[PDB]
Protein chains: 2
Amino acid sequence: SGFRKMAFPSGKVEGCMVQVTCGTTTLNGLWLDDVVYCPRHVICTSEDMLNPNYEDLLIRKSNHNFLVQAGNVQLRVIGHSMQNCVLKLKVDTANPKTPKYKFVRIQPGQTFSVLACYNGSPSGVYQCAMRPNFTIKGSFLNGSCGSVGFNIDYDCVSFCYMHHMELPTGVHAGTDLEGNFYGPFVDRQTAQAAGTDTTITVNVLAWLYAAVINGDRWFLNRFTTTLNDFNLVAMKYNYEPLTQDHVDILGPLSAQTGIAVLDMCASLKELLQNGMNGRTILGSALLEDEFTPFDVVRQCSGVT
Amino acid sequence: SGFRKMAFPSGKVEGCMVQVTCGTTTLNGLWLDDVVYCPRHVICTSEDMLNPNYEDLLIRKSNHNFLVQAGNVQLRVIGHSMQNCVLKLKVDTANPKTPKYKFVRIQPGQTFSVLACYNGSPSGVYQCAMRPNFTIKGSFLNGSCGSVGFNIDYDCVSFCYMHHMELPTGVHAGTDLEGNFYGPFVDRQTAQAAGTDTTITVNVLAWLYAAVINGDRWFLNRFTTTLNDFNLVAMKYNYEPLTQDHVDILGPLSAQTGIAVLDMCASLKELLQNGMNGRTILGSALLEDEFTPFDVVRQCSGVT
Ligand SMILES: *CC(=O)N[C@@H](C)c1cc(F)cc(Cl)c1
Ligand SMILES: *CC(=O)N[C@@H](C)c1cc(F)cc(Cl)c1
């Protein structure tokens, strides 16, 4: 037992990290098969970032201007193209460590692991969720651009995020591996503000089920509620509305614990209205929302 | 910017995980060079665990009774020995993926990453601290025995923990890689209780410095204190006493932020006495103590 914010083992992704340099700008790239993916702003100077015309800046770049280094060895770039906000650099060598992979575009509320990298070298791994305002709260310093987010289904890595930028409020924005930003963000040094960062209700419920499985049961109340009644309280507290799709996904946790989904909603409603009163749940003094129902099942069952 | 509970990239350790089976008992082993390390209770039945005599149970075991599987291939065991609470199985093949490594015995308050494994296969990675009562609060299910804790200094893995057991209160106990338990725990199914789980004061201070670096400054107060005065409050709140050695280690964070260590102690004293008043620091409603001063420096500087 015990419940931790756990990331996927990062080895399969570490084997894909490379350094990409264009002129004086260096960031990370993801090398899968014979293609290196990286943020297109690798072609920009600090001045270019204020109002970049990427197609125009790219005209001044040839294959030899992109320096790709894997470990301490240079890869030969034989092609390059821009797809949305990412560049795809075709190299002459397939990555021998390419895992089985997919590119997926996730929904808000979904979680993933980030392998933060600098100069193509991994520094650490942590667990994130795509916030309902399409930002992530990561840990990214200058040069972390190009670090990726992913999930693993046994031996298949599903890449869902590539880091591009930090908003003036310190939250993060990036794209899927097709180069499309999550949310309305653009890769430009212009002030962009995030919308309301609401709480991912289905994830808090999943985490309350993890708490019961792990022996933290004090918050269990004697009430039940309905979706409509719960959602009136969710709205007041800036929680995401709960739908029958979320109730369906919590079914296995409801089955394992014998606690009906709506009863757990009623316990959450009381926690929102009464607060924690200085108590903790799974060592947290706030309601955690960065575990999906699948994450809780996975961690409580021991999937490898 | 942003500050996350970050684990070391786990690839170097994933390449060392194997499955060890003795009779009907299966757990994880760590394969480094031509030796596989695993908890000695791999030789026990459930009945043996109530009062095991390990030297006696080991007399009934030969090299061929230990089945070691790396991926889906069997390793040949050519020797075996018991060192404290671990078995060392000499195999005929050196692990080709053996990273540069050391075995270290950590002090309470020190943090490390755990690669939780089942059947020799990695399930996830998370960050722990050795608690002041020599337990860790991990996430370990049946079969996680043998999973290891480690730190990385660039390309050298320092293994500090091997998981052995869960106390009846759901906290975890294990050994260093020489088989010596942290704390007073024994590898027997007998009720063993943990001592006071005090808060690692030097780590909370480090995390308050991380909060200031990352823009969370509301808790900064207009006071200072002395070590003796602070420690009177630390004692009352079950925090570890702060020594000049801890002040010395916080020096670089004090230098980077311009906040004297004793002034940060005074801000922590006010947080202990006043509480958070419903506010958060780095997204937490409690004072986090599982980041050392070195972890904060590393994460805020981008070490790979
Ligand atoms: C990774 C990162 O933060 N890159 C910087 C240079 C940046 C700034 C900016 F205004 C927009 C983008 Cl996409 C990237
Ligand atoms: C990894 C684990 O929990 N192993 C179990 C079988 C166990 C039980 C016990 F009472 C003592 C030890 Cl060391 C291990």
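Basis for what follows: all heavy atoms, side chains included, without hydrogens, waters or symmetry-related copies. Remember, it's 1-based here, ligands and their atoms both numbered in the order they're listed. Every chain is numbered from 1 and lettered A, B, ... according to where its sequence line falls, protein lines coming before strand lines.
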field: From A:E166, A:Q192, A:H164 - option closest to atom 14 (C) of ligand 1 by heavy atom
entry: A:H164
- line: Closest to atom 5 (C) of ligand 2 among protein heavy atoms sits B:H41 NE2, 3.9 Å
query: For ligand 2, which atoms, with element, lie under 4.0 Å from some heavy atom of B:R188?
result: 10 (F), 11 (C)
message: Using a 3.5 Å distance criterion without hydrogens, assess whether the side chain of A:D216 forms a donor-acceptor pair with backbone atoms of A:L282.
response: yes
- prompt: Numbering the atoms of ligand 2 from 1, which are under 4.0 Å from a heavy atom of B:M165?
  reply: 3 (O), 11 (C), 12 (C), 13 (Cl), 14 (C)
- prompt: Taking the side chain from B:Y126 and the backbone from A:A7, do they hold a donor-acceptor pair closer than 3.5 Å?
  reply: no
task: Measure from NZ or CZ of A:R188 to the centre of the six-membered ring of A:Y54, then state whether that distance is under 6.0 Å and the direction lies within 45° of the axis.
output: no
field: Ion pair A:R40/A:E55, N-O distance below 4.0 Å
entry: no
- request: Kindly indicate whether a cation-pi arrangement holds for A:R105 with A:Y182, taking the cut-offs as under 6.0 Å to the six-membered ring centre and within 45° of the axis.
  value: yes
task: Quick one: look up the protein heavy atom nearest atom 2 (C) of ligand 1 and list residue, atom name and how far away it is.
output: A:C145 SG, 2.7 Å
message: Please determine whether a side-chain nitrogen of the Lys or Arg among A:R131 and A:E290 lies less than 4.0 Å from a carboxylate oxygen of the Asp or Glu.
response: yes
message: I need the nearest protein heavy-atom contact for atom 9 (C) of ligand 1: residue, atom name and distance, please.
response: A:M49 CE, 3.6 Å
For atom 13 (Cl) of ligand 1, the protein heavy atom that lies nearest, with its residue and separation: A:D187 CB, 3.1 Å
- request: Run the numbers for me: atoms of ligand 2, each under 4.0 Å from some heavy atom of B:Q189, listed by number.
  value: 10 (F)
